[PDB]
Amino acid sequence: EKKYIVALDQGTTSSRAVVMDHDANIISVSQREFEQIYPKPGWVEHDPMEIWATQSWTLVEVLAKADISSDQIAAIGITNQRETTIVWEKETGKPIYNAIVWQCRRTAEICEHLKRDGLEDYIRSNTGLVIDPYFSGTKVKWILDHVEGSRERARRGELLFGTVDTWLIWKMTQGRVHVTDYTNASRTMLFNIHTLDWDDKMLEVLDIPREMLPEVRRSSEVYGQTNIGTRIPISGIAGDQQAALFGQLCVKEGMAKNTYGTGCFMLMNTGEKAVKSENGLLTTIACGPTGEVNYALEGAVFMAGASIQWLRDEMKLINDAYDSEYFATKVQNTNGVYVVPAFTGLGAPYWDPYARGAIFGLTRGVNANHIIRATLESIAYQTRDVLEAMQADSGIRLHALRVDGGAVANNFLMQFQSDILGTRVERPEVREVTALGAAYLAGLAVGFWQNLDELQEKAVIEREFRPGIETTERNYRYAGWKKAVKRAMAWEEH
């Protein structure tokens, strides 16, 4: 009877929805883009509704657009953008403010405070995190002490708090269930990860009512029913990253994917143990082969695809991300030019909130082409950067990096990236790797699948890139690249 599953994806810039057969084949897609709100510089918001509305659309458009009825899909997997915070009136069921995205650097001040009172090691140690406006902790607060009743209503459990997923659910289930998953939970910088629970330290340190917090659940389990009509299940929950990780099947120690989207996220499986980063990476919760807590080593990069949109949208040196390859090849090389994408400051490994984007090594004969390719190169550099750590923290040698994401399409890229890592690179057959998880995980959760090995087939690698440049070559470049970064760091006056 029920021949399908539905992956729901809430992303930084658009809501998506996906259907697949039991052979795990992408039955179809729905996709509505929503408004990137930049209240001011460094700031980002979204319309929690906007987010919502889109997505729901999405969901439906599919049904119909393929003519599947509620009676044929098993359940609902679910993924999302990750740091992005929400709070709302529950009775009312209304937001008392937009959402603030992980992107947003509005919560820098705070960080500083925390900073001084040496809570690094507590945070770093009970969250695998670090101090940064990246994680909600701070955000939430921001609001709290930005809103009037807030803290009260909050306290009197009047107000609610969620995460893209969190929020998402409340909706579906009509305010019935108030949960999250660990992967997601993790993220907040208010949760104990070898504890698997909210964390008084923070909680109070950050000054937040234990009230508005959701019931943090497993990532592959049954949370509730949705009457889309006809009650559909929701047995999926992981942040998109986790999601792609799982969807990329990295589901056992030393398994790692590098994702290439708005920014870059290379995650690594420690399966059962949380390892601590010595080199400015992140320790984070993940999905084990059944929807169960795992650990992971994460390197997060702020600017990746974005550099390219900039390039196209604000710079206008191009019309198409696509185009970037054509031009890049147009030139033999980058002509000594280096580009640092700290539009948002830095990040793994660096975590320099004062770094700004910078262009380097300009000469008279340098042109847009050069600029453009340097921009791309910029992206492998980073990936390496971080990977180094990962090795350093991992105590592991990857001979193959398996990628995924928007840009994995760019062959130039791909190639270059390999040439630079010195490692071989695996470009999978399927591409919606993320949803892939969400879906799985969910269906797995329903014994829609008994095993992963099933789906293990949809993990065909389509292209592996082999390193084709000399070692010299390699470090040659990497050098000037660091040269740069240094010069980029600490731009913003304190």
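A residue's number is simply how far along the shown sequence it sits, counting from 1.
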**OP:** Could you bin the unmodelled part of the deposited chain lying between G229 and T230 as none, 1 to 3, 4 to 9, or 10 or more?
**Re:** 4 to 9
Original post:
Can you tell me which stretch has the higher mean Cα B-factor, 341 to 349 or 166 to 174?
Top reply: 166 to 174
Original post:
If you average the Cα B factors in the entry, which is higher, 377 to 385 or 134 to 142?
Top reply: 134 to 142
Subject >> Out of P95, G280, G365, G336, residue topping the C-alpha B-factor column of the entry >> reply: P95
Subject >> Per the PDB entry, maximal CA B factor within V101, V87, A243, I396 >> reply: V87
Original post:
Taking the entry's C-alpha B-factors for this chain, is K486 in the lowest, middle or highest third?
Top reply: lowest
**OP:** Could you look up the Cα B-factor of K330 in the entry and say which third of the chain it sits in: lowest, middle or highest?
**Re:** lowest
**OP:** Ordered by C-alpha B-factor within the chain, which third holds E457? Give me lowest, middle or highest, please.
**Re:** highest
Subject >> Position of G357 among the chain's modelled residues by C-alpha B-factor, lowest, middle or highest third >> reply: lowest
Original post:
Compared with the other modelled residues in the chain, in which third is the CA B-factor of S220?
Top reply: highest
